[PDB]
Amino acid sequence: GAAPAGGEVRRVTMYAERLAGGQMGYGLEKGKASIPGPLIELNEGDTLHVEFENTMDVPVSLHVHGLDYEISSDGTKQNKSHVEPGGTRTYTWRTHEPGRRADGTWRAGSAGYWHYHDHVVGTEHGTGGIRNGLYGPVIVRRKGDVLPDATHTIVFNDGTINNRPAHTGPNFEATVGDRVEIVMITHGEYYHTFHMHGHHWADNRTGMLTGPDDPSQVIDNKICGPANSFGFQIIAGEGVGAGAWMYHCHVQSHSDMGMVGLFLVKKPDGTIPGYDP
């Protein structure tokens, strides 16, 4: 459907936990941490209280992009908003609709594709926490935004995708016609360029033109550096049909070293033409 107007106050538990291999992740339920962390979804105007527990043995933080938070929810050591080993703390994120200011100018709303990550593990910029996997997607919708059938997050962290061993995807499945949403976050040291075979989107808030008067470049390829976040919705297979549609960083060595995955768009019968496993 469509996103309603917001303004609810939401509460959720979140945990930072150690995972295998010196990795670390956020999770909504203890023992269910993951990398990327859980996807947060808000309608503009919602407030979200994150009751947060650090189950690790090193201080950790929650720092969000793009949303409204006071300095006590910055999630940084420099204003003592980190969480000590064993400690707990409520982080609050607010968001707002757009509107006219009394000064006659237009105040942008919070709507968009954002992300949260650690800011204190290893360095005062979270270089270790981010590298171990403390990051996840936040989506803030505007009233009237079209809603997807599925959302998939794709995170270029250094030379990996979602901290996975090279050459292991992830793959994402869908049926021709599905309204599929991608969240694309970049973290760490390197720039990249994100490409999707067979698909394309508009380079604006939503990845869809708002109608025939929207001048945004339509693209299938985008450069991004650390902490960028963007998102788009595609119709699976539109104009192209089913198949295993590669997506990859297009920096050539990066695709050859395993920053590749498969958008597996299936016919209505669940098969993928020409896909040999």
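Numbering starts at 1 and follows the sequence shown.
Looking at 164-172 and 127-135 together, the entry lists the larger mean B-factor for 164-172, computed on C-alpha atoms. When the C-alpha B-factors of 101-109 and 190-198 are averaged, 101-109 comes out higher. Of the candidates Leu264, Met24, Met14, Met257, the deposited coordinates give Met257 the top C-alpha B factor. Within the selection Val240, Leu67, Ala227, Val58, the deposited Cα B-factor values reach their highest point at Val58. When the modelled residues of the chain are ordered by their C-alpha B factor, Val155 lands in the middle third. Sort the chain's modelled residues by C-alpha temperature factor and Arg94 lands in the highest third, per the entry. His248: CA B factor lies in the middle third for its chain, per the PDB record. In the deposited entry, the Cα temperature factor of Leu48 sits in the top third of values across the chain's modelled residues. Sort the chain's modelled residues by C-alpha temperature factor and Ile182 lands in the lowest third, per the entry.
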